[PDB]
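These are the residues of each chain, in order.
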There are 2 protein chains.
Amino acid sequence: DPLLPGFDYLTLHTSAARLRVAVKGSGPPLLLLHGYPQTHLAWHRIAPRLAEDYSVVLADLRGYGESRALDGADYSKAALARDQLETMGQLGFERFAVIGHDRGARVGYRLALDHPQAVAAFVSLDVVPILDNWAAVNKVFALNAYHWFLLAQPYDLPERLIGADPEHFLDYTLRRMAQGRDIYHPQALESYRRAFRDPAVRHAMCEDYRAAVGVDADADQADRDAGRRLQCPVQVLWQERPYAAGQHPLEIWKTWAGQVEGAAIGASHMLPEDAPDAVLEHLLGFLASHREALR
Amino acid sequence: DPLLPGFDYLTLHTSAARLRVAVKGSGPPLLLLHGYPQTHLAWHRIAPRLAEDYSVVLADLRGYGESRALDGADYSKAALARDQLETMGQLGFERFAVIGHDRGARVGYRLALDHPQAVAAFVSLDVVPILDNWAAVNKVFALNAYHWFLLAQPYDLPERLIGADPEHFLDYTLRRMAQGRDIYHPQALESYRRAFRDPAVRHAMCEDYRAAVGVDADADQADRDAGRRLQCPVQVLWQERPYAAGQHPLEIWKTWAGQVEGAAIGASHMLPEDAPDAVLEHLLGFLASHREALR
Ligand SMILES: [Cl-]
Ligand SMILES: [Cl-]
């Protein structure tokens, strides 16, 4: 079975970036945003079904995959959110739904906060806002997510370390994120590997993690200060695991948005690849139930 | 001016290790234990003065410098504490004072807890027990001390990363720990570098950080559970910086010991090399004031 049958591969030229996009379908627009250390191919088990009923846009985040900044570039979520407005606008959409996984969900919620008239509906796949993540840091968090702290160290420490044997570190990371499950299509994996072998991609990824510590967290705090919330329907699909008090993802998203629903999914953090049929059932139901929002 | 004038370099053969020791002087015994990523040479600005009045023993911790386990070796603080009892015993001392810096202080307090009749007095240079460190973890801690989380990742992840360009990572680490101050004698630095270029040393260091997460923290908790405290006079000399509530080093040590004193030292964490004359004044006064304890 082919990867992304019928998707058309584009390169969009925006103000600050050259962005890889893959498109298919007609109907209401959906923008799907992958995470780390991946590319748009992470959507290969979900996007074709969606494209039966919707206009589907898959993008490589700035610096990831085949997308690149034109320069000391800005790799903050706010910058990558602007890339999405420009990308969708070029394609003919002023308003659209956003489905994000991992770093993509972080771009997505920032986009929804800053541009509430553009974002029709928002789905987070196993992500809460960075503000909430930082408040939860303890010994166990920092051991589990050691890379959040390594990749945020000043330039060029982590670039040196991860750049020595890049494919080894990429593969290790993917296995660890999948909890050892065999979820990576071997051809998707060669695309992930090729990107991670590019020093510019590894640098962009460190810059993402640096932004998460700094400007991205400042942005989230300023919204919390203002009482600024996502204005669209929100769905969160989370990994089935125990959540400490105040850390349940549904509870968290209800502090950020007035219209929130969600479900636990039995799988790893890698929801697009690990649990595509469970994700699809939820996504399709959510999009159907909020068809007015999409208008 | 020479490094360690008059010190005699020994190799002791213990049950589980081949240990590098350097000795000088006569009188009451002091055992000085360096930290990461260093060797016994870190004491070169302090040990000669002490050796005017005391029997001074400098050791490389198991796996560090020129010290090595005979094998899946145990690199827990309890194991390294046993090395110190055996080392001092061989040299002719059943009871002795311990002065530790960084990982050395961790070996030292474990030794004092487990073997209260052996440890006459204990000095910690800018260290509190690991139990207290773990309780303090938050976003800022994990960013500052990112390596505590990296080097504790399962074998052989951090060995791969730090082993790629070892001398670069060693030098970077030393500069960062010194807060950019020019405190490393160029010949001491070649000894630190040579050790870090040895894959067995890098592995031993990761094993130390793994133990800190696991068995070392379990040991400290069991003592806290039992209400077991250091029985000797304790001195703590700490870096002058702000301490959050419950995190002041004097306050912390008073929860672990009935007889505690200390002082703030204007310098980096690298007290032996950065502030030797301030450290000496305090050490000498402490040892003089507790001359009965040493008997
Ligand atoms: Cl994430
Ligand atoms: Cl330490």
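Details of the structure are given in the entry above.
Scoring rules and cut-offs
- Residues numbered from 1 in each chain as written, not as in the entry; some residues may be left out.
- Chains lettered and ligands numbered in written order.
- Heavy atoms only, no water.
- Least-squares fit on C-alpha atoms.
- Contact = heavy atoms within 4.5 Å.
- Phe/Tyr/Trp six-rings, centres within 6.5 Å; stacked < 30°, edge-to-face > 60°.
- Buried < 20%, exposed > 50% of the residue type's maximum accessible area, 1.4 Å probe, protein only.
- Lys NZ or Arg CZ within 6 Å of the ring centre and 35° of its normal.
- Helix = DSSP H or I, 4+ residues; strand = E, 2+ residues; numbered from the N terminus.
- Polar contact = N/O pair within 3.5 Å; in protein donor to acceptor, adjacent residues only side chain to side chain.
- Buried area = accessible area lost by both parts, 1.4 Å probe.
- Salt bridge = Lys/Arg side-chain N within 4 Å of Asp/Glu carboxyl O.
- Nonpolar A, V, L, I, M, F, W, Y, C, P; charged D, E, K, R; others polar.

J.: Whenever I open this one, the relation of the copies chain A and chain B confuses me. Can you help?
T.: What relates the pair of chain copies is a rotation about an axis plus a shift along that axis. Each copy of the sequence occupies a distinct position, and chain A is placed on chain B by a rotation of 180 degrees and an axial shift of 0.0 Å, giving an RMSD of 0.0 Å. Interpreted geometrically, this transformation is the action of a two-fold axis. With an isologous cut-off of 70% or more, the 100% of interface residues of chain A that recur at the interface of chain B puts this contact in the isologous class.

J.: Help me out: how do you make sense of the packing of aromatic side chains in this one?
T.: Counting across every chain of the model gives 18 aromatic pairs over all chains. Measuring from ring centre to ring centre gives 5.6 Å for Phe141(B) and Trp148(B), while their planes differ by 85 degrees; the resulting arrangement is edge-to-face. For the pair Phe141(B) and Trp148(B), a shared accessibility class is recorded, and that class is buried. Relative to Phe149(B), the ring of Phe141(B) has its centre 6.3 Å away and its plane inclined at 70 degrees; by these criteria the two rings are edge-to-face. Summarising the burial analysis for this pair, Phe141(B) and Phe149(B) share the class buried. An aromatic cluster is built from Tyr109(A), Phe122(A), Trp253(A) and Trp256(A), whose rings are joined through pairwise contacts. Directly above the ring of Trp148(A) sits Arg103(A), whose terminal nitrogen or CZ lies 5.7 Å from the centroid.

J.: Just checking my understanding: could you explain the environment of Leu80(A) for this structure?
T.: Residue and element names in this part refer to chain A. In this fold, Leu80 is placed in helix α2 (residues 77-91). Sequence-wise, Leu80 and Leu294 are 214 residues apart; in three dimensions their C-alpha atoms are separated by 22 Å. Aside from chain neighbours lying at most four places away, what touches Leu80 is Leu61, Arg62, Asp74, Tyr75 and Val107.

J.: Would you mind showing me how to read the side chain of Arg110(A) here?
T.: Residue and element names in this part refer to chain A. Examined against the element boundaries, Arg110 turns out to sit in helix α3 (residues 103-114). Among the residues examined, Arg110 registers a relative accessible area of 3% and is labelled buried. At 2.8 Å, the side chain of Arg110 forms a polar contact with the side chain of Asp114. Apart from residues lying up to four places away in sequence, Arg110 is in contact with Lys77, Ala78, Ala81, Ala219, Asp220 and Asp223.

J.: Looking at this structure, how should I read the interface of chain A and chain B?
T.: Frequently, the measure chosen for interface size is the accessible area removed from exposure when the parts meet. Listed per partner, the contact involves 22 residues of chain A and 22 residues of chain B. The junction of chain A with chain B conceals about 2,100 Å² of combined surface from both sides, 72% of it contributed by carbon and sulfur atoms. Three residues stand out in chain A for area buried against chain B, namely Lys139(A), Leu143(A) and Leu161(A), and they jointly supply 28% of the buried area on that side. Our count for the contact surface shared by chain A and chain B stands at 0 salt bridges. For the pair chain A and chain B, the interface holds 8 residue pairs in polar contact. Breaking the side of chain A that touches chain B down by element, the ones donating at least two residues are α5 (139-144), α6 (146-150), α7 (157-162) and α8 (166-177) of chain A. Top contributing element to the side of chain A that touches chain B by residue count: α8(A), with 4 residues. The residue inventory of the side of chain A that touches chain B, partitioned by class, reads 16 nonpolar, 3 polar and 3 charged.

J.: Is there a simple way to explain the environment of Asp216(B) in this structure?
T.: All names here are of chain B. For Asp216, the position within the fold is in helix α11 (residues 215-226). Taking C-alpha positions, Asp216 is 7.5 Å from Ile130, a pair spaced 86 residues apart along the chain. With near-sequence residues (within four places) excluded, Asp216 lies in contact with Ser76, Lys77, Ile130, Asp208 and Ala211. A polar contact of 3.2 Å, which involves the side chain of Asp216, links it to the backbone nitrogen of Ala212.

J.: Please explain the side chain of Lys77(B) as it appears in this structure.
T.: All names here are of chain B. For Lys77, the location among the structural elements is in helix α2 (residues 77-91). In this structure the side chain of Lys77 is engaged in a polar contact, spanning 2.7 Å, whose partner is the side chain of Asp216. With residues up to four places along the chain from it excluded, the contact list for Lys77 reads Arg103, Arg106, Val107, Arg110, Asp208, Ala211 and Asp216.

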